[PDB]
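Colleague: Here it is, the structure, as structure tokens.
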Amino acid sequence: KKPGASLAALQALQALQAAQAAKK
């Protein structure tokens with residue numbers, strides 16, 4: 001099974017979504 005996103009990986013993704021550089 002795939003383990004879940006860490007608080008560090010969600011913080012990177014929160015930045016890429018705020019950047020519009022990945023879909024929300």
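If you're wondering about the labels, chains in the structure tokens are A, B, ... by order shown, residues count from 1 in each chain, ligands from 1 in order shown.
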Just list the residues in chain A DSSP gives alpha helix (DSSP H) on the backbone, as a PDB file with C-alpha atoms, in the first residue's frame.

Modeller:
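Contents of out18.pdb, freshly written:
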ATOM      1  CA  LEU A   7       3.938  17.439   6.361  1.00  0.00           C
ATOM      2  CA  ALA A   8       7.172  18.438   4.372  1.00  0.00           C
ATOM      3  CA  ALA A   9       5.748  16.920   1.015  1.00  0.00           C
ATOM      4  CA  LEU A  10       2.313  18.613   1.614  1.00  0.00           C
ATOM      5  CA  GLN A  11       4.191  21.893   2.369  1.00  0.00           C
ATOM      6  CA  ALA A  12       6.043  21.492  -1.106  1.00  0.00           C
ATOM      7  CA  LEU A  13       2.753  20.730  -2.808  1.00  0.00           C
ATOM      8  CA  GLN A  14       0.924  23.622  -0.900  1.00  0.00           C
ATOM      9  CA  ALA A  15       3.676  25.794  -2.476  1.00  0.00           C
ATOM     10  CA  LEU A  16       3.253  24.346  -5.985  1.00  0.00           C
ATOM     11  CA  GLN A  17      -0.545  24.830  -5.757  1.00  0.00           C
ATOM     12  CA  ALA A  18      -0.122  28.482  -4.460  1.00  0.00           C
TER      13      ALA A  18
END
